[PDB]
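See structure below.
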Amino acid sequence: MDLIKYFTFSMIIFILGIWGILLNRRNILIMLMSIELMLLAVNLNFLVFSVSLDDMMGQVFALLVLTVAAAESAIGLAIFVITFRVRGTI
Amino acid sequence: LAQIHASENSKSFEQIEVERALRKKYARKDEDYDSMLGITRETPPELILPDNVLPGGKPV
Amino acid sequence: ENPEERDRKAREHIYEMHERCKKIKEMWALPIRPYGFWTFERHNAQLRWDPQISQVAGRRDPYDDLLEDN
Amino acid sequence: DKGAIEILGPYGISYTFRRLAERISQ
Amino acid sequence: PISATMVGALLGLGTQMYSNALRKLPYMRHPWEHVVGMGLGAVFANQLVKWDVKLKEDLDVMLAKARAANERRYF
Amino acid sequence: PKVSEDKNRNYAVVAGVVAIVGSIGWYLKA
Amino acid sequence: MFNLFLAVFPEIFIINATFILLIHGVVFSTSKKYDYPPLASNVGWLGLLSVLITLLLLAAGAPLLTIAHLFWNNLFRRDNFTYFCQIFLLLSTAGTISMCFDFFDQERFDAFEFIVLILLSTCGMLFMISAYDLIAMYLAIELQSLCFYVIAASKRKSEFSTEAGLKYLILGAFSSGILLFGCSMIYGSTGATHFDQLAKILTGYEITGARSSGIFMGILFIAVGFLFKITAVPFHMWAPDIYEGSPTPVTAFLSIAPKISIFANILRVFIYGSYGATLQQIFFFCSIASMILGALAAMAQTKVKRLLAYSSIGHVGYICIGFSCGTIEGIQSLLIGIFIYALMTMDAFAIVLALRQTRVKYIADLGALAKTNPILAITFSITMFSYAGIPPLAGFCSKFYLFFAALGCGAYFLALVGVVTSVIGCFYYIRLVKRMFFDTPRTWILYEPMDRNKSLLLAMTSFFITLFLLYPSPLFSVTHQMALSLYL
Amino acid sequence: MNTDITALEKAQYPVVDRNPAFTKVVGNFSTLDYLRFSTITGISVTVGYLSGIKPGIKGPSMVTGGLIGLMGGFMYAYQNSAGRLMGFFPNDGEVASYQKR
Amino acid sequence: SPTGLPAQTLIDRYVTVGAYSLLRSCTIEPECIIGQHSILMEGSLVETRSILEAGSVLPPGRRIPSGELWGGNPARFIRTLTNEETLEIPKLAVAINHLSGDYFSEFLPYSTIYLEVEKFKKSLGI
Amino acid sequence: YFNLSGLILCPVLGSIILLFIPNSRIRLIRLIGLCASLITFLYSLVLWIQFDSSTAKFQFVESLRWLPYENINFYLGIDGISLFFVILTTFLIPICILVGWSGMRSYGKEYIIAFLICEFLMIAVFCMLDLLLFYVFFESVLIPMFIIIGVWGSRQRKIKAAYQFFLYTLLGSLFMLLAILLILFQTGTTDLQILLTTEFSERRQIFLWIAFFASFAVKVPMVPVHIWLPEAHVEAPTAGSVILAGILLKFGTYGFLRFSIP
Amino acid sequence: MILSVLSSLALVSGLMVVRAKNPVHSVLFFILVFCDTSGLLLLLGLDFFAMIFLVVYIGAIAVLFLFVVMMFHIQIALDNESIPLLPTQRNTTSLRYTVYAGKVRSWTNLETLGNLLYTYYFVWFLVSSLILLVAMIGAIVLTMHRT
Ligand SMILES: CCCCCCCCCCC(CCCCCCCCCC)(CO[C@H]1O[C@@H](CO)[C@H](O[C@@H]2O[C@@H](CO)[C@H](O)[C@@H](O)[C@@H]2O)[C@@H](O)[C@@H]1O)CO[C@H]1O[C@@H](CO)[C@H](O[C@@H]2O[C@@H](CO)[C@H](O)[C@@H](O)[C@@H]2O)[C@@H](O)[C@H]1O
Ligand SMILES: CCCCC/C=C/C/C=C\C/C=C/C/C=C/CCCC(=O)O[C@H](COC(=O)CCCCCCCCCCCCCCCCC)COP(=O)(O)O[C@H]1[C@H](O)[C@H](O)[C@@H](O)[C@H](O)[C@H]1O
Ligand SMILES: CCCCCCCCCCCCCCCCCC(=O)O[C@@H](COC(=O)CCCCCCCCCCCCCCC)COP(=O)(O)OCC[N+](C)(C)C
Ligand SMILES: CCCCCCCCCCCCCCCCCCCC(=O)O[C@H](COC(=O)CCCCCCCCCCCCCC)COP(=O)(O)OCCN
């Protein structure tokens, strides 16, 4: 049993990301790193399923979701930077 | 106060059009876009009154 | 109004309205998913594209390339 | 009219929506 | 009767004068664009009727296909 | 003074005339 | 080979036009000869022209949308539903661009990248409607989400705009993560991502033998993510705050365009994802809760934009009534409601933007509007009554036919909730009409007259709203044609 | 790469040269195609000129609008000509020309 | 203004200012009627729903109480306005607005005097 | 040939003409409104003359498509029951115009326009032979009467009375609309000539009858919902009370005579 | 064995990320999460994806997050689908059929991906390109103050 472990690890990563978004409502940076943790967990799901089913439709999707995750990081950090400037606090 | 009225009531047609265009161009301002572009649009001298007619002589 | 024409129009209106009513009720009786919509040609496109891309590298039977030499 | 019909009507007691809509901030 | 051309022209004139009213201007501010609006309204109404007829025909065809597909369930 | 001097404005006038003529022909030829 | 691209000229044109506009703006905004011209209106007009030209390309080429369908099969699927949905989306985008012209001049919004980002979001939604795969749908959703995150925080110096953008980005990223986990769980259970394959693999085993935990969980997660996207309660975490803090021209676009495409995706998911009527229950509860919460929350609003946001939530619930009843007459009611709601929302936001030049914030601000501008008050009252659903207006037809569809499937509980919510909505909509005409405030606020674009848009939409019942046949015909084409 | 030009909805008009080349479609342009091309180009040029006066760039806006109009009008004319050749639009003249060929 | 309030000359809605009226830094509250040859000096307040008689002068810093009729060169109290007068006050402003709108339709957006200027220039060359 | 189309279009033209007339021309507005009302009244009187009194079939029938499949359509017709209601509702309007003759300088064009829209919407109510559209014009009268009560009310109480009237009318309206929808789904159409020849099951008759009674009893106050009529009557202009007492109280009785009882 | 420890360390790192006082430590553990995920991917044979995770996640995004945290404030804060196989592999390992036909010409994870990323699914590739362009454009307009 290895598919079970691979899915359980990513499920726990997803749960941790959701917890970080929920628990750390006061801090903005944690609310971005938790989203990135969730994206990492989903990408791991797609790659593991692609290897398990012997299909290339999960690897293409993981590569294409890396771009979305990076662009979300960029836009979120820009928005945070401009947000701190205006109100002077987080 | 008579001096600004005298300088306004004697302008030619060409000067009036130019001043109207400048007044329209500088009616509303956007400091954010100017800062993003690194420029500072300043009101032309044709749209500046002498400080001797302002309520308390405001230079700024 | 001509009494005959008015009555004839009224009866014809009732008759045609009843036929249209039956037609529209049967129209409403149609299910959202038609009977075997996967059998339609618009919903069967992989069955016609995969044979065209069957010999493309990355989709071939491993023993296929071992026999294409001769 | 002014009593039971009004109190049980639209504004004698049906104006609890003020005490109900304002609670939607929760 | 009431043709699509006349109702379209009336709607175009009405929307032009409605736009003029909404801007606190006189109703017949620019007379030429009233004529332009009448023409555009007539064209739009005629095109709407012409499109409605074809749309009903296509709906009838699609419904005939759907009924034929459903009827085959009984075989 | 029988000459329009602005070259850019003249080209806009030509383009507008061409657009009107083409629209009329489009509404007539089809 | 070049003729295989006849199916993507409407998208190729808009992409290339956006590139040309970006090059033009960046070259001439940072120029010394012209003294850094504020060419936001220029780019806006050229973008509106580009939208009209790609509308001409898309509408005229109707027989050519199925060309090379086998070659494009794995990428996207174009059909009659996609054709009309895309045409309506382009029309809404053009209307929003027309409304936002006055915003660039009076308030001096000189950033031309706003129009470029709007065009890119439009391209993303065009790719969204025709998307026939989980991958394509997710990518288009992310593209439009980013284009909206950037423009939500366009007012950098504003406290509300930055907070609104941050909340929007966090909520959208969380929803995208949930949806994407659902897609992963579906892919790992069926091995397929194409909608045809995912329909053939799920249409037979209708939970007849056992409930597949992976498939059920993936369907539920996709539904939850989509419900976040349309802001149906309890997934309306920060939607009123986002609507309030966002710029009004921005709020106009997010209230219309992101809903048409997402509803198209939800329909193209229902065509295959009807797994044991699981979504029908979820959408049933979501619609009831959305109607109830919108009705009970819009009565406690004093600002115009928060009331518009809660009206949008209530109308989303009213539309989801159609989702809860899966039938041709249910999907048709859903599409008619979407169309009418989009037109009413465009009308209301044009009215709001007309008064935004004088900084309107509260409902009491528009107190003596019946005296200063006695025709704008009439137009706004007409729009409010259309929101309420008064019979003579066009807003009654959508609610009427949605209630008919709900009663068709036999859901009597939905009808009662809809009726009560309609009563409450009508009360808080005529409350606004009371302020304009019946109150006599001591202090009046005088507004400056609007421009030609918004005046024409208001006139056309007001003539549509009042005179829709006289000739409603084309809308019903096209809607019935679209609903049938979802399957055949 | 393997390609397929077949369409889901069949052509309702006679089909001549089902997969036309770019040069042949361009050489099939009729008077109506040139009319719509010129109309779109002129409308775009006029809109660009009118919209660029307030910023102060008439010529640059004229050229940008002209490029947009040329691209859009050319693709519209190509779409119409290809549809006529492939049989999706009424090809009254195309069948007359290619029958005597 | 002498009173210390801002000296902007502000006229609210439905205010009828009679002819030959000299206003300087005065503030007139809504629904007021100012008579002919009336002089409102600096920092003078005319409260709402009040009528000032023709030829009346009020020194700087004076105030006209709401709902009263005032007149005279050193403006004094005359009587208290009835309901009918204080409700017909805005109707006079509306009627004058209608007359002004009647006058407003006599002028096109652009005059045709530039043609006369061009003819005059042509009579002298350019 | 005098038909029901012209009788309905006359108030439409009257309201459209006044819509684009400057408010300074007070004399012209009053003259045109009064002339339109009188022409409509004479049209109704002529419609009386050519009324056959020996046939139960609906007379002067007119049709206009509403749904694309002709399921529901604008069917206009009069019988011996609704003829006098049409005559009365066209006769009362010129009286209402003449009532506010002296004070019309203050109300403006929106007064006569509101009354003409009221006449247009009430003529169609008594002439509709389609159940659904009878509801559409049945509850379209609220907006003109809401405006009449609120804008031209007497005291500040006008806001409360308008709310009460509007709320009661909505409560009746939607509960009747549900019954109309149930009838449409089962029968298949909403034509009166078809709904009068369809055998309804005994169980469904009581529910539908109660739902119809809910909307009609409000507009013909029986006992428990007669608390809006006095307040609306007192807080209304002199001509506004004539409309509420002369016509709007005849909707419930006509609704019972036309739909519920058959 | 290797899977268990490589998963446990990643779980602890993520837990520390979501429950860290100093954001610098949170970002440092956020790096370790991907450091472990890369090894987990390497255990699957996806060598290319592990290297890209190193290049992209902890090469670009982690560096960007570190830049933002540091210079700015450093302020404080189963049985249904696939039933598992029980450990019966003494005989199962012997029951291992190897098909030599699929090994004569074997592709790598890189060229297998590139065979279909650019030809058969190129539209999604261009959509990701457009997303990157949107990010580039939005970076400036939000954060730009010249002179
Ligand atoms: C909001 C205003 C409310 C006004 C509506 C009430 C006033 C009544 C006039 C409504 C009006 C204009 C619509 C106005 C659009 C609004 C403006 C939009 C914005 C513009 C700024 C349409 O009304 C008719 O249109 C018919 C459709 O054809 C429909 O009949 C149904 O059709 C079947 C379907 O297939 C159904 O199966 C079936 O059950 C019905 O037979 C009905 O809708 C109705 O009879 C008037 O009719 C006008 O269209 C047609 C007649 O047809 C006339 O020309 C036609 O052209 C060719 C056909 O293309 C024909 O070859 C030609 O022979 C004919 O001459 C016109 O000269 C004019 O008469
Ligand atoms: C009495 C019975 C008849 C009664 C009927 C009489 C009919 C008269 C005949 C034709 C009427 C024509 C109507 C067409 C009108 C179009 C709108 C006018 C457009 C126009 O502003 O002009 C040109 C623009 O150039 C074009 O960008 C686009 C302009 C292209 C179109 C101009 C071509 C006009 C030629 C028409 C053919 C004339 C043929 C002879 C006609 C006379 C018969 C002998 C002047 O630009 P410009 O920079 O100096 O200034 C403009 C202008 O001020 C405003 O548009 C703006 O304020 C400003 O921003 C700027 O844009
Ligand atoms: C070919 C593929 C696309 C290549 C570009 C892709 C990127 C798009 C970039 C678009 C923005 C840049 C567009 C070119 C900017 C330069 C414009 C230009 O060449 O004209 C100049 C000057 O060149 C001209 O002579 C005017 C040319 C405009 C009129 C040309 C006819 C209209 C052509 C439009 C339709 C054809 C499309 C363009 C040709 C392919 C502008 O005139 P002014 O400087 O204002 O005139 C000087 C006098 N005064 C300042 C006092 C006003
Ligand atoms: C539907 C129910 C029936 C309704 C009735 C329909 C009747 C048919 C339509 C009749 C229209 C009549 C209009 C008269 C013609 C006047 C047009 C002149 C406009 C013009 O000259 O261009 C400039 C503005 O452009 C503009 O004003 C263009 C404004 C266009 C706004 C909408 C653009 C299309 C959006 C897509 C449709 C809307 C959404 C639908 C889903 C004017 O410039 P200026 O001198 O005034 O000064 C600067 C102001 N900018």
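Simple scheme: letters A, B, ... for chains in structure tokens order, numbers from 1 for residues in each chain, numbers from 1 for ligands in the order shown.
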
What residues in chain I lie within 12 Å of chain G, counting only C-alpha atoms, written as a PDB file with C-alpha atoms, in the first residue's frame?
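Result went into iface-v4.pdb, see below:
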```
ATOM      1  CA  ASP I  12     -30.156  78.192  -1.989  1.00  0.00           C
ATOM      2  CA  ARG I  13     -33.026  76.685  -3.955  1.00  0.00           C
ATOM      3  CA  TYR I  14     -36.283  78.436  -4.866  1.00  0.00           C
ATOM      4  CA  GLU I  29     -31.738  80.145   2.884  1.00  0.00           C
ATOM      5  CA  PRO I  30     -34.078  78.186   0.584  1.00  0.00           C
ATOM      6  CA  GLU I  31     -37.512  79.478  -0.431  1.00  0.00           C
ATOM      7  CA  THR I  48     -35.711  80.091   5.091  1.00  0.00           C
ATOM      8  CA  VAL I  94     -41.041  77.676 -10.572  1.00  0.00           C
TER       9      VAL I  94
END
```

Contacts of chain G with chain A up to 6 Å, shortest pair per row, only C-alpha atoms, as a Markdown table:
```
| residue | atom | partner | partner_atom | distance |
| --- | --- | --- | --- | --- |
| G:162 | CA | A:83 | CA | 5.5 |
| G:181 | CA | A:42 | CA | 5.6 |
| G:184 | CA | A:46 | CA | 5.7 |
| G:188 | CA | A:49 | CA | 5.2 |
```

Interatomic distance, CA of residue 55 (chain I) to CA of residue 32 (chain I) (Å, one decimal):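 According to the coordinates, CA of residue 55 (chain I) and CA of residue 32 (chain I) are separated by 15.5 Å.
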
I want to know what sits within 8 Å of region 49-61 of chain C, based on only C-alpha atoms, with residues of the same chain fewer than 4 positions away left out; could you give that as JSON, numbers by chain? {"C": [45, 65], "G": [70, 71], "H": [2], "K": [112, 115]}

Give as a list in words every residue of chain H that touches chain B within 12 Å, counting only C-alpha atoms.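 Listed by rising number, the hits are residues 54, 55 and 56 of chain H.
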
Generate the output file for the selected residues, C-alpha atoms, as a PDB file, in the first residue's frame.
```pdb
ATOM      1  CA  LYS H  54      -7.863  64.643 -26.667  1.00  0.00           C
ATOM      2  CA  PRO H  55      -4.586  62.972 -25.558  1.00  0.00           C
ATOM      3  CA  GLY H  56      -2.890  64.779 -28.448  1.00  0.00           C
TER       4      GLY H  56
END
```
